[PDB]
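Numbering (the authors' numbering), first residue to last: 1 to 66. We treat Cβ as the ideally placed atom computed from N, Cα and C, and that holds for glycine. These notes concern the structure reproduced below.
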């Protein structure tokens, strides 16, 4: 599965490729982002394998929704 976590210093966005859904991160496992699960403003939850808690660049990882 494919998901692209797009990042800014303050901005946090997640692009669910399989749905073409890019939504704002309103709820996080860790105040940064990564750690366990994340929830978009749409209500969708995406799991983070936990690496670079606040990524300084748009990273593409596997999609695993809750």
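Same chain, Cβ closer than 8 Å to residue i, five either side skipped, listed in chain order
{"i": "residue 52", "result": "34 and 59"}
{"i": "residue 55", "result": "5, 7, 33 and 34"}
Paired residues, beta bridge with residue i - DSSP
{"i": "residue 21", "result": "16"}
Cβ-Cβ distance between residue i and residue j below 7 Å
{"i": "residue 21", "j": "residue 41", "result": "no"}
{"i": "residue 16", "j": "residue 28", "result": "no"}
{"i": "residue 1", "j": "residue 50", "result": "no"}
{"i": "residue 48", "j": "residue 65", "result": "no"}
Residue from the options with nearest C-alpha to residue i
{"i": "residue 44", "options": "31, 8 and 18", "result": "18"}
Nonlocal neighbours in the same chain, by C-beta distance under 6 Å from residue i, ignoring five residues either side
{"i": "residue 30", "result": "53"}
Spatial neighbours of residue i in its chain, beta-carbon cut-off 7 Å, leaving aside the 5 residues before and after
{"i": "residue 61", "result": "3, 5 and 49"}
{"i": "residue 57", "result": "7"}
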